[PDB]
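Here the chain labels run A, B, C and D in written order, and each chain numbers its own residues starting at 1.
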């Protein structure tokens, strides 16, 4: 049957790291159940263009009034009801993703299942920041290999790229090794990046501008290491344009960046139609966003490990009742309907900076 | 939750037209409900490569033994369980589409709804067989324009292609008009086909070889009328390749031709990501296949009218209880869970020529 | 010499039209003068992605703290000081354009002059909203052709795009005519749009998605009318990519959309280097924004008439003291240093809904 | 306010090297201030096509009569007033550059500041001619590294290219190394030049014909070392064509070759829009041309070191009162309005070969 959205809560938490992270949550209420999603926009536009102030104003002044009191067949119908508005994909994702969760819960079905996934565990990789030197890089890679991670990602920058990769590959000839180039490079750097080619990296992530596809296509002609797109893939048509232009051969898929689960599955399927893999990117999520991420990751073209590593690595204590812990580089799918996780409302209350409720 | 496929029936019916039609039906039984799908393969390989003998042998010898007694999370898991066998998409489709109907019925949800569609009625046109002359044409058409059909499609061939179009076009200056060039052409006939350009056809359907993309891409360069592909797109990756090549601007999407609903959604999404619309093809289906088609057609990129006209055009009596009649070129979505239609078993029995039941 | 930004005011005004208009103003104070700029972002993201809530939060929380109490050589140094934050160009523009006005006023020089322009008046056209029919069209147009406006622009959509053009065109055979296809199209509608070709439109503005370059490049190949980009060019590098791709032959340059005057000059120069003209877009601005626009428009590659029509078309009373009225489709450059216009503070106060002052 | 050009002097100096250099100067007088620029054309057309005799005849018989007694808003207005005439960009640059200097001085603003630069020092590189052998090459590279230069440029020729580069890179694995190929090569040399690739040169400067872009584009396909354009980039549209054709990835920008500061900033911005760097080329300038060069170089896309090394390296004594001396590879911006340097009129008088004055 159709679901009616009767109430929405916005809860902004300040969650202690293992300083603090601002965690915006939307809770949608209907049919005796609730849907929960997590915003990935920041106070300031650093990763991408959206902000908490812009996104929450858009929710409370536009998206919520458009859906509160309305009745919907499915989450696609919810998304459609927004629709006129340009960009703001992470703000949209809050509504859409909470809608997926609520809809799945009206049916009693896990979320990944309704999206078409049937994996019971997903492979997780680890991300290493820049270390002081090579032997420090390798010691930390050695640790993470021992813990069972199935992909190693090295943060790199101009002046520190070929060296950490070379040292790592020498110590670990067979591991799956990638790098995060963090848009710090230009086309003048093609010769330096081409020096990575002999180390058989699975991909180099978004080396050039964050919103670019065209120069990335030129760079992919100059080097043999595959390029992975991140910030410049915000929709299925972006994904199509990227792959067709040869901007990259791999996509870091972040569910909120592209506007939610429906569009993410579209990105995943467009990639697959090109025979290109996707993998799940991370954004320091509380267990709400991590759980949505894990369910999305159960889809078959998530063929490279994702950044949905153990929650305890991030938080002294998480916003949900359930532990999300990876073992030997496998994260289990949290059991239950929708996301299969549940807010700890009293713990949440201790870290609430602001909350509000809205009705029709 | 999960569903166990306990039994499967293959029922073959023959329906006289309005020459005739063999309807191979698959009924899957599980969890106190059933899913039904209809085969679109022919006795002989005239429209494409599959045959009824080949497909039923594949079902009973391979596909059904792979699923009977097994428990599945979703229809995707059912498809996954069939294995790496090559081609035979219509055969696959029988199992896959029956599994979608069964799954949706265990949830109590309409099929379209679970595939992401939220249209409540779909626009439909008609395709008319080959016409004896440039007045009879203008008249059999007239009968369908009087019924409010939203697109008129004419079969063509040389040298009966061009005059009909200028015929119908001047005698119906404003109608949406298209042709199904019926692979009765090679690149040689490209000059004959450019003649159709002035008559604002929405598209020319599959003018060249049924298995071709490359020559179509060449032909599209030489004429202004958009090309629509049917036979040559049997998967989401074929769709990607066709569109990347510029083989067509439009895809006729037949659910069973591409191996079922999930792959159809993928085709639908790949097309939308290239900015290409789809529309729903017809294979002279009984109400089972027609109902499956209507639900698929509720998805947003079905932006052109489909071949899903009124059942009463085809049969004096259909295999289901519910009518499927369009009015003013709009087909409503039949209410109820899954397909929203129901075998008329008593009538079915009178036209059955074969039946069999399979169990674990 | 150098200038110290000592204070900043954000003043939000609402102006009824001739539905309504929120004018966010930024006033920068330094060296005994002030610079004023106007925000072109909307309450809700309808034309593009920025919102007023998002932008003002970014100003007061990030941009203003970066500049207040600081000393700068030029407006470029001001922009540089804002940091690496992503997107939010209209927000940036408020600071940047205010800094240009302030800087030019410390020198006593007109703004246009410092940007390299030496035109003394600029050619202007008008853009007309959507028209109720093929006689009313020919008439609201007539009123503007009687005023000597040098280009007529019509909003369009399907299926009200083609008849208006042949309409107006035969009823005004010789006028410069264009359409703003209002991203109400996808590549599917490419056939509808080629119909416009015979009617010597100077261009078709942004027919496809607001963030697209690639599909526009494909569309441009299929029609003879030049394409003009608006929404899809937000920087000089976007302009380079668009033109290298063949996404358009014309750019509608909106100063605030690309992040201000210096970047606008760069866009202007990239376009000229490809042999592509620019023209000045409109965002329903008060006399502050309209005056900024007129000065930018004095640059040599503004070779097509802009949307900078007479202020009296929009407001019964403007926020500045000076009139900005065109005659015979020529807008003169308002005299004085910087923008050459001056807030009417008494009148401004009557329509102010918010104000704030920020200091070091 | 506007400036009026009341008088012009042409002074031709023969300046003793540290034999002699002919230094043509233009001095423009107006508004109680003066602007000074230096011609870079030679007695004979060796570097490019212009000559002193042609250029001075064009100044005195055409450009000066066109501007003397006229009133101008800015330097762009001055340039515009010439305009009809073809090529002769260095002759034009004399007027335009003197106009920049005079205009800046009417305002009391440094020249780089009005062009948008805000660097207070610019990085300088060194140029080495062909040495006898490898150990002589390396000894001189060793010296210049020790002095602090931030780029080493080696002159190379057929028969002496791979050897000096190989020797240098062995001794200096990390320095920024480039070569000047001086149009001495042909496409038959692609294999020899490709042997430079393993030494990670920042670029090879103009290896093929001086006025070519097309063959340079073919050569850039055959080797991985970036090509730098010099003589074949004489305008922003040349720069656009070069980068778009893939003729090169770097531009040696010489202000007079392209026609002066306005067009140079256009070249700089067009490059930037491609994400390609520029750097400041040199032409053995007296302190007048070196000072103009240093101010131009303050712009942000001058991201590689320029040939604006110490004046004392060139001249026993310079034409200006101010010392232009680089320390540790950084040249300070000369302080004051316009160029921030001042002719030593009595020293100038001792080396004057010819002078003349012109009025309206």
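Observations, loosely collected:
Rule of thumb we're sticking to: contacts are C-beta pairs under 8 Å (C-beta built on N, C-alpha and C of every residue); 3 or more make two chains touch, one makes a residue touch a chain.
Chain identities (UniProt): A, B, C, D = N-succinylamino acid racemase.
The interface in B-C, A-C or A-B that matches C-D, meaning over half of the contact pairs are the same by residue number, belongs to A-B.
A separation of 36 Å divides the Cα centre of chain A from that of chain B. Chain geometry summary: the mean Cα position of chain B and that of chain D are 69 Å apart. Chain A and chain D have CA centres that are 49 Å apart.
Of all residues in chain A, those that touch two or more other chains are 209, 237. Chain contacts here follow an irregular pattern that is not a line, a ring, a star or a complete set. A list of each chain pair in contact follows: A-B, A-C, A-D, B-C, C-D.
Residues 43-51, 53-55, 57-58, 61-62, 84-88, 209-212, 214, 237, 241, 244-245 of chain C are the ones that touch chain A when the two sit in their complex. Contacts from chain A toward chain B in the complex involve residues 1, 72-74, 76-77, 80, 107-109, 113-114, 116-118, 236-237, 239-240, 244, 262, 266, 269-270, 272-275, 300.
Chain C makes touch with chain B in their complex at residues 186-188, 190-191, 194, 208, 215, 222. Interface residues of chain B facing chain C in the complex, by the touch rule stated above, are 200, 202, 224, 226, 249-250, 274-277, 303.
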